[PDB]
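Chemist: Structure in structure tokens, see below.
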Amino acid sequence: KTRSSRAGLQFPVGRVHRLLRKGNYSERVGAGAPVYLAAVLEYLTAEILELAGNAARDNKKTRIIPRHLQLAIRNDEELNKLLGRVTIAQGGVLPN
Amino acid sequence: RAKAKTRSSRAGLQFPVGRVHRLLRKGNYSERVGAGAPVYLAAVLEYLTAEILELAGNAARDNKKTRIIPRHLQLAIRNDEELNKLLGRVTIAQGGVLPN
Amino acid sequence: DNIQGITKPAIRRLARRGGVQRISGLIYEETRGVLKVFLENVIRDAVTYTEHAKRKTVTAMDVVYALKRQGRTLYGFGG
Amino acid sequence: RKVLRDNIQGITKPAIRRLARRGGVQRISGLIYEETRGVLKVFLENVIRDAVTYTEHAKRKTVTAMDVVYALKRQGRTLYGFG
Amino acid sequence: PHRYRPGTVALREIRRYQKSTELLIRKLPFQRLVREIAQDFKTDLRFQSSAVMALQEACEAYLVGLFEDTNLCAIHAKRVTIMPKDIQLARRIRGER
Amino acid sequence: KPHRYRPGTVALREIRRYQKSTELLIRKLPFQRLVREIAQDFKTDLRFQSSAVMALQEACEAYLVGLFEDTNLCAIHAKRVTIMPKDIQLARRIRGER
Amino acid sequence: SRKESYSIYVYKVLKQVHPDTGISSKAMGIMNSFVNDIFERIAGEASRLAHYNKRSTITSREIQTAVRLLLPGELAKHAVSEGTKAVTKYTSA
Amino acid sequence: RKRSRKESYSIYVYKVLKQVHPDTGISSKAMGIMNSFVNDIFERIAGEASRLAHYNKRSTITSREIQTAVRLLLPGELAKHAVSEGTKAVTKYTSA
DNA sequence: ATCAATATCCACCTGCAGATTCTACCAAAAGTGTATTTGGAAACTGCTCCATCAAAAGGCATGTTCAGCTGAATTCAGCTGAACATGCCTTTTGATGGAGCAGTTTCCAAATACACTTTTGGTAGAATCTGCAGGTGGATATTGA
DNA sequence: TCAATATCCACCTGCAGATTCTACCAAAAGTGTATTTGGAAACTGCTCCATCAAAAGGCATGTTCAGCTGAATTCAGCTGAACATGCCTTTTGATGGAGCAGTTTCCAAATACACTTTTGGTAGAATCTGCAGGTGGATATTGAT
Ligand SMILES: [Cl-]
Ligand SMILES: [Cl-]
Ligand SMILES: [Cl-]
Ligand SMILES: [Cl-]
Ligand SMILES: [Mn+2]
Ligand SMILES: [Mn+2]
Ligand SMILES: [Mn+2]
Ligand SMILES: [Mn+2]
Ligand SMILES: [Mn+2]
Ligand SMILES: [Mn+2]
Ligand SMILES: [Mn+2]
Ligand SMILES: [Mn+2]
Ligand SMILES: [Mn+2]
Ligand SMILES: [Mn+2]
Ligand SMILES: [Mn+2]
Ligand SMILES: [Mn+2]
């Protein structure tokens, strides 16, 4: 089967690898790099979706929309710092 | 065979076209690099350094010194609106600040 | 007089999302000026990407890229 | 080999005063000196954490000026002159 | 004959607008502005619908943020009324000036 | 009889002076010591190239001097001449350092 | 023709943490922008790390030092965790 | 043991120096800065060049990439002049 | 409307700690012949993008009116700068061992480069479905008294 | 506190716009092989970092004092919010046409390679010299009266 399933990841290890090669980042790419990088991307994705999931639940909503991603991010010290120079379209601003 | 002539001389430049053409390939910027690229970059690079040395050299003169030092560089960078913008987030070790 | 198109009330609203409660009468023109420099800077970079690509249509990506280099990274329009 | 402590106090009131001067500051409140020490500690920790991260990755025991130059670059405080 | 006290509505709009996410600059005028500024860099240009929308999004997000910092400056001056000097100081500490 | 400069006269004199020079203003050793103390709290058994400590000081002073310029703008904006923590904080807040 | 995105992978992860929560198109746009961004930031730093050290190959070691440099404390711990975990589980198959 | 050569831009900077200011020197500490300057702008341009190329699914960086990287990177006048000098060198170079 | 104080300036001086030349290799540009591609031409073609037109529908431009905010004046407790005596401890010079970078070699585990095989993910027509945007009716919050 | 006016808040409700869902095919992604080579040991030369000594004078400390600055208070002009009005610019939306992004489809001009010279640069010797920093008048610049 795929390397992702092998790494136990949802994210596309193979693609991350193809993307690391074609992106002129280095001449070669260790076998692990793709795996690692994909694990990290999935985790963070999970984190935001987890928080924005709650964002919609606390809003009596079942479908996550931008507003939710924005509320989850700005209301989280760490995510907020990681994305301090990023603006999420149609996300508005924290109330108060 | 024929005699060697450096690409810099061919380009009419003082900066090292060959070296730049090399740093480009080794810096993993693209699969491949065309003939002009380095010529063009060495030119731009040489032009900007002529520009700050012109203004720096004047700074030195204005301060009655014949050898440019970091403070002369700062004076040149901060008094020139464009250079200042270009290096607006660069800090010149030992250059102080403009007397405001 | 297009910049005049960005109207007072529209600007009042922005300030309001900004949490501003009282607005001096001179903010309106002051705001258009900042607003104009902002678009000029972003667009100029954007259009430069357009021409590089030899196209005649500014694309959302040409804008996402401009914003990225102005340090105004935007999510939602192609990365 | 001795324990290091309270060295933030090595940044003396008069030293902080001279910096405000180059900074164009005319008058200084009594509480500035400690806010400054506070702000300098944070700035430093952040540059050193990164520099040292750069150091370890190079599996070294000595922080080089390049380590610091790279650290500063990441922080958006590019330094010329040791580069 | 009912009337609201100065700024009672003001606070109300803040509550309103800090809760929604719609653009607050009308589309058409904004598009007209974008194209006019653009016509100074390259002529007869076309625009993806989405490019114009991205610009407005970026733009408004920026303004709302600058009004945030501006209000901080007005409050620093023990005022409740933002003024140009407030926008000016903010932009200078931000490095845009 | 004894001569005595009025409050602030020496201060502007000091500004003219330090804005003219480029020497560091924090004492070398005290500072190197502060670096080692912070470094060590992150990683033990660490060595530093001489220039590494100077690079750090150069950055620190360049940063503190620049922060004080903004801090001063904040004070003047408050119709004050005496910079205060409020100011340093307003500056850092807009600088996006907080 | 073809325009790949991380949408599917995002959606999987979504269901894994909120089985009954859905996500709007625009929102998926934000998550893609997100992934691409971090992807670039991580790769970029790893790229740089190798260059500083005259290495020609970006290995998982580089990716993680890069992760420590980019991510805020806790976020970086977990990211390093999931990371070395996935590599581990992979080298055991 | 061979103290492995460390390339610099010193001799070129110095050459250029003499051109604009025939009787002016430069302390080693200023050459320090001048070197940092060159490497910096070099990285910014190659960087923007690299990216421009990637955005256009183009595998090779050419003088055109450099040029538009320059226009994106430098302000007004500085840009107008740098582009001239580069074009001038490129054509000079081709005609030789 | 000085003028005694004392801080600042600007030119003159000259040994030496750094800058500028002087040699020698040798690492890395150049020169060549050869094999591989990149990415501009030209017709082409679906497709978004633009120009109309057509309604209402708001939503913005206008003036009035006056609440209450800002900025000007005046006041003074006490914070913060200037001076000064004291003497700590940063600086400056110089020597020393040895940690630990950094230069070489040696040479496998791991990565690149085909060639094929599958498997997957993106795309283009069909079945739900989540809220948006209104109702209605009910306490709330706000302003006038 | 009363009382009228508006707001804001809830709980339902029904439909249309997006989501989901379903059914298929190049284009990556996984394999299996044969080579290539990056850079991890295993040394080990030797640069330069941590320390130790010692002496000295630049500066950091602490304290005394009172100039004048920040923080209250007041208060009056007038600027900016709330509003009910009236009109017109924006919004909605099929329509129809056309400029144009993308596609292929070529291939001649332009990189990449691989060797094989041929210098340009760089690391210390060696030869020079700004200018640091020491002094002294003369020139302000200040603060007392
Ligand atoms: Cl790896
Ligand atoms: Cl080219
Ligand atoms: Cl103002
Ligand atoms: Cl304060
Ligand atoms: Mn000249
Ligand atoms: Mn009144
Ligand atoms: Mn050893
Ligand atoms: Mn499938
Ligand atoms: Mn609703
Ligand atoms: Mn090898
Ligand atoms: Mn003492
Ligand atoms: Mn008193
Ligand atoms: Mn005052
Ligand atoms: Mn056509
Ligand atoms: Mn030679
Ligand atoms: Mn002197």
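Naming scheme: A, B, ... for chains in displayed order of the structure tokens; residues 1 onward per chain; ligands 1 onward as shown.
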What lies within 9 Å of residue 88 of chain E using only C-alpha atoms (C1' of nucleotides), ignoring chain neighbours under 4 positions off, as a PyMOL selection string?
Modeler: chain E and resi 70+83-84+92-93+97
Chemist: Set the cut-off to 9 Å, count only C-alpha atoms (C1' of nucleotides) and all ligand atoms, and list whatever residues fall near ligand 11 as a CSV table (one decimal) with N, CA and C atoms (P, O5', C5', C4', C3', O3' and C1' of nucleotides), in the first residue's frame.
Modeler:
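Below is the file selection.csv, written as the result:
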chain,number,residue,atom,x,y,z
I,86,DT,P,34.7,61.4,50.1
I,86,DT,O5',34.2,60.0,49.4
I,86,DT,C5',32.9,59.5,49.6
I,86,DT,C4',32.8,58.0,49.3
I,86,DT,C3',34.2,57.3,49.4
I,86,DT,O3',34.0,56.0,49.9
I,86,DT,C1',33.5,57.2,47.2
I,87,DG,P,35.2,55.0,50.2
I,87,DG,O5',35.2,54.0,48.9
I,87,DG,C5',34.1,53.3,48.6
I,87,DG,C4',34.4,52.4,47.4
I,87,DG,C3',35.8,51.9,47.5
I,87,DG,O3',36.0,50.7,46.7
I,87,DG,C1',35.6,53.2,45.6
I,88,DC,P,35.6,49.3,47.4
I,88,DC,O5',34.7,48.6,46.3
I,88,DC,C5',33.3,48.9,46.3
I,88,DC,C4',32.7,48.7,44.9
I,88,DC,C3',32.9,47.3,44.4
I,88,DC,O3',31.8,47.0,43.5
I,88,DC,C1',34.0,48.8,43.0
J,60,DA,P,28.7,53.2,33.9
J,60,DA,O5',28.0,52.5,35.2
J,60,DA,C5',28.5,51.3,35.7
J,60,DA,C4',28.3,51.0,37.2
J,60,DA,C3',26.9,51.3,37.6
J,60,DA,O3',26.6,50.5,38.7
J,60,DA,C1',28.3,52.9,38.6
J,61,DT,P,25.1,50.2,39.2
J,61,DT,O5',25.1,50.7,40.7
J,61,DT,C5',26.1,51.6,41.1
J,61,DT,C4',26.2,51.7,42.6
J,61,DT,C3',24.9,51.9,43.3
J,61,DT,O3',25.0,51.4,44.6
J,61,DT,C1',26.2,53.9,43.3
J,62,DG,P,23.6,51.1,45.4
J,62,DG,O5',23.7,52.2,46.6
J,62,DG,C5',24.4,53.4,46.3
J,62,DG,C4',24.3,54.3,47.4
J,62,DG,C3',22.8,54.6,47.9
J,62,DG,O3',22.9,55.1,49.2
J,62,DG,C1',23.8,56.5,46.7
Chemist: Using DSSP on the backbone coordinates, identify all residues within chain D classified as alpha helix (DSSP H); present the result as a VMD selection string.
Modeler: chain D and resid 13 to 22 32 to 57 65 to 75
Chemist: Please, which residues of chain D lie no more than 9 Å from chain J when the count uses only C-alpha atoms (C1' of nucleotides), and can they be set out as a list in words?
Modeler: residues 12, 13 and 14 of chain D
Chemist: Generate the output file for the selected residues, N, CA, C and O atoms, as a short mmCIF file (atom, residue, chain, number, x, y, z; two decimals), in the first residue's frame.
Modeler:
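Everything below was put into selection-v6.cif:
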data_model
loop_
_atom_site.label_atom_id
_atom_site.label_comp_id
_atom_site.auth_asym_id
_atom_site.auth_seq_id
_atom_site.Cartn_x
_atom_site.Cartn_y
_atom_site.Cartn_z
N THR D 12 22.86 48.30 33.83
CA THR D 12 22.65 49.37 34.77
C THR D 12 21.79 50.56 34.36
O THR D 12 21.64 50.89 33.19
N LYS D 13 21.21 51.20 35.36
CA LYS D 13 20.39 52.35 35.12
C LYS D 13 21.11 53.34 34.20
O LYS D 13 20.52 53.87 33.26
N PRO D 14 22.39 53.63 34.47
CA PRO D 14 23.07 54.57 33.58
C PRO D 14 23.25 54.04 32.16
O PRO D 14 23.23 54.80 31.20
#
Chemist: Show me, as a list in words, the residues that have an atom within 12 Å of residue 19 of chain H when counting only C-alpha atoms (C1' of nucleotides), minus same-chain residues fewer than 2 positions from it.
Modeler: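 Listing them by chain and then by number gives residues 14, 46, 47, 49, 50, 51, 53, 54 and 57 of chain B; 12, 13, 14, 15, 16, 17, 21, 22, 23, 24 and 25 of chain H.
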Chemist: Based on the backbone DSSP call, show me all residues of segment 5-95 of chain H assigned strand (DSSP E or B), as a PyMOL selection string.
Modeler: chain H and resi 25-26+60-61
Chemist: Please provide the set of residues having any atom within 10 Å of segment 55-58 of chain H, restricted to only C-alpha atoms (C1' of nucleotides), with same-chain residues fewer than 3 positions apart removed, written as a PyMOL selection string.
Modeler: (chain B and resi 30-32) or (chain C and resi 49+52-53+61-62+65) or (chain H and resi 50-52+61-62) or (chain I and resi 38-39)
Chemist: Compute the set of chain I residues within 9 Å of chain D, using only C-alpha atoms (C1' of nucleotides), and express it as a PyMOL selection string.
Modeler: chain I and resi 79-81+100-101
Chemist: Using only C-alpha atoms (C1' of nucleotides), what table do you get, as JSON lines, when you list each residue of chain I with an atom no more than 9 Å from chain H, its nearest pair of atoms, and their distance in Å rounded to one decimal, rows by chain then rising number?
Modeler:
{"residue": "I:18", "atom": "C1'", "partner": "H:27", "partner_atom": "CA", "distance": 8.3}
{"residue": "I:19", "atom": "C1'", "partner": "H:27", "partner_atom": "CA", "distance": 7.0}
{"residue": "I:27", "atom": "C1'", "partner": "H:5", "partner_atom": "CA", "distance": 8.6}
{"residue": "I:38", "atom": "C1'", "partner": "H:59", "partner_atom": "CA", "distance": 7.9}
{"residue": "I:39", "atom": "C1'", "partner": "H:58", "partner_atom": "CA", "distance": 8.1}
{"residue": "I:102", "atom": "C1'", "partner": "H:3", "partner_atom": "CA", "distance": 8.7}
{"residue": "I:103", "atom": "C1'", "partner": "H:1", "partner_atom": "CA", "distance": 7.0}
Chemist: Which residue is closest to chain B? Choose from G:70, G:75, G:50, G:86 and count only C-alpha atoms.
Modeler: G:50
